[PDB]
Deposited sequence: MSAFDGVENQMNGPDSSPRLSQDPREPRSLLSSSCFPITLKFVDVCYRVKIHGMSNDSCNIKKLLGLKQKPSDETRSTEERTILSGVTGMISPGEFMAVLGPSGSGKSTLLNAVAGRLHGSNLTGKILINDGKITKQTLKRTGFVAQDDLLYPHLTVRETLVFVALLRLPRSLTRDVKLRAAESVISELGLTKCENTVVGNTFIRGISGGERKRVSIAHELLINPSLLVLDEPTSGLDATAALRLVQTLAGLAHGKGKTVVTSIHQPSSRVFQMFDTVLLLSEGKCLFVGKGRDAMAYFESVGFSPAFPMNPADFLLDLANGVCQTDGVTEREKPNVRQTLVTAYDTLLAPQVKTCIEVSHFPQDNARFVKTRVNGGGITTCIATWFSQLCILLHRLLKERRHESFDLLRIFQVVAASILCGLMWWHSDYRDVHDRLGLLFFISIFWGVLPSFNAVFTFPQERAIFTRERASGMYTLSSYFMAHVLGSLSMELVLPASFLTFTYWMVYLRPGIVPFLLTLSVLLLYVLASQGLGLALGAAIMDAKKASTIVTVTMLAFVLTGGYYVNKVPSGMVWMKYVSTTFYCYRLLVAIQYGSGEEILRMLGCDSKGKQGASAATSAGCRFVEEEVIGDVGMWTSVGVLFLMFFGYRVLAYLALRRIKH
């Protein structure tokens, strides 16, 4: 909102940064007043992006030296309520629209003390302020999904920070990758935020155009971290002229200053360092000195409010993954092939029924585990950016993925079984169908948690697609169908198999405790119904271990995500 926008007079004196002892900054000094649009200029590797991260307050410790002052005071936690940092990379969900993106951010970022209709009025007030009205119902997209323009993807990211009404806006190269005229209108917007709304905007332009440079108020030019010039942009050429450096051909003045910052001026970098420290840097240093200024029920309902908005956002986005048309075709074709190869099958052919019930165990253990290993690596960049700026606390983020995957992932196994239970002539009745559906859906969830835990432990999505393939290969081979005479050192491995407990449960639903197909076959091929259809584990032992793998593989996925800060 365009009120007085409570003022921030940012100062920094003697900021020195050293990473390992490469000095990135070595004595920068300046101050940015309210209503001022500063542009930080400099070549690559000059310390532009490091000075802005120290201005924003997100490079702390003993690597940093010097003082950064917000209204003659240090950077507390109550000053970072009024500071907004727009990073260089825009991390957005591609399948949300522009209005849906900024409504969900306005419900998570703005305080809970406000009404819901107030927080939708704060999201429609940054769409019109940044000029996002014409694209507000268009999806965001990415390089694959076609969506909004490249200059409007930057305005969606500035709108994430403009929702909390910051007094200081720090942008890290916002015009990089835009056009010539989309980068001019972005600088026209950021200058209007400072001149016409009382903010303090500081940004770092990479290679300014001719009329882009005409829009800055103040310019700070860095060579390798030693700050050649601080002052008005219309006074930059007249200073370097009366130290002895004038251009020869018609230049963009932003091309002339970046020539001096390298020391490639045609007819000097250490000449301009001492020239700054004898004409201008005393005058800046006096300006630093002259300028002188619920209960336990509320934190539970805050968690359930954050979960319901995160679940509602995740369902509009992660339903193009679950119901991908190449994923539906893979289950539709498996339903037709399973229902044609075992069409009107006989329950007295025991060896064919057990290969039916084992193919269901292979297919619905390999397929949910392989898709779930991409869930957490794909959103590591969006989670880290949005958890750092408030918005959630990894308990509501994780539970919105746990609850949002019990919903989307159960539609396709339930449609597989409804199709191929009555064509394949499995055990008739409403009760054996609902027990077969209950065991299959509990197995799909217990096998999905194996991929969630491996994807959270190995945050590489390709290195973990190999470990879940080797793990599901050992689970299928010990599931109890391929090998009957297991060697003595390998009989333990079936008890950690997820496929072993689903398959033993499906045989107990279809065949019982033997003794009814023994009233169909003689024997009561005699031990072929004494090691295959009666088994070893009970029915309640097999159910309780599939529940221990449902809860246990998602506790391990939480603890894997808890250690990364990612």
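J.: As a test: can you identify every run of the deposited sequence that has no C-alpha position in this structure, in order?
T.: Gaps in the modelled chain, taken against the deposited sequence, lie at 1 to 30, 51 to 79, 327 to 336, 363 to 376, 608 to 620.
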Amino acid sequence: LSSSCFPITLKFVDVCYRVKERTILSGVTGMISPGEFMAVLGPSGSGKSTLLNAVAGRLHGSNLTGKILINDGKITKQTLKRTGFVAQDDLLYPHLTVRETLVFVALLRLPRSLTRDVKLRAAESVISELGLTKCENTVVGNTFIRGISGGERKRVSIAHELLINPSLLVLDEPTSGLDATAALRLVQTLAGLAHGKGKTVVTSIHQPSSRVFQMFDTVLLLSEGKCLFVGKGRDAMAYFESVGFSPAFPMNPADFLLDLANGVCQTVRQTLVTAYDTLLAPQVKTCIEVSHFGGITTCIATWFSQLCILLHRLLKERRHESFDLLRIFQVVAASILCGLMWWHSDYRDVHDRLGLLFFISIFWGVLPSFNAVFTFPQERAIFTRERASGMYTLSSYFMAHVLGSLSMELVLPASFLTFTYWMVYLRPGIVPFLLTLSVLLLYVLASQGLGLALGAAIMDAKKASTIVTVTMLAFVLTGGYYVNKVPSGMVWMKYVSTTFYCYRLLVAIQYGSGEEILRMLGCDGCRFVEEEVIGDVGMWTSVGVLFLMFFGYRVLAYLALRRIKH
From here on, numbers count along this sequence of modelled residues.
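Only the largest set of C-alpha atoms that superpose within 1.5 Å between the two forms is called the rigid core.
J.: So which moves more in 5 other deposited structures of this protein by CA, 164 to 172 or 222 to 230, given a superposition on the core?
T.: Looking at 164 to 172 versus 222 to 230 in 5 other deposited structures of this protein, the farther one turns out to be 222 to 230.
J.: Do you reckon 486 to 494 or 99 to 107 strays further from the shown form in 5 other deposited structures of this protein, measuring C-alpha RMS after a core fit?
T.: The answer is 486 to 494, which departs more from the shown form in 5 other deposited structures of this protein.
J.: At a threshold of one third of the other compared entries, does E289 come out as unmodelled?
T.: Across the compared entries, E289 is left out in at least a third.
J.: Any chance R527 is unbuilt in a third or more of the other entries we compared?
T.: In at least a third of the comparable entries (those modelling both sides of it), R527 has no coordinates.
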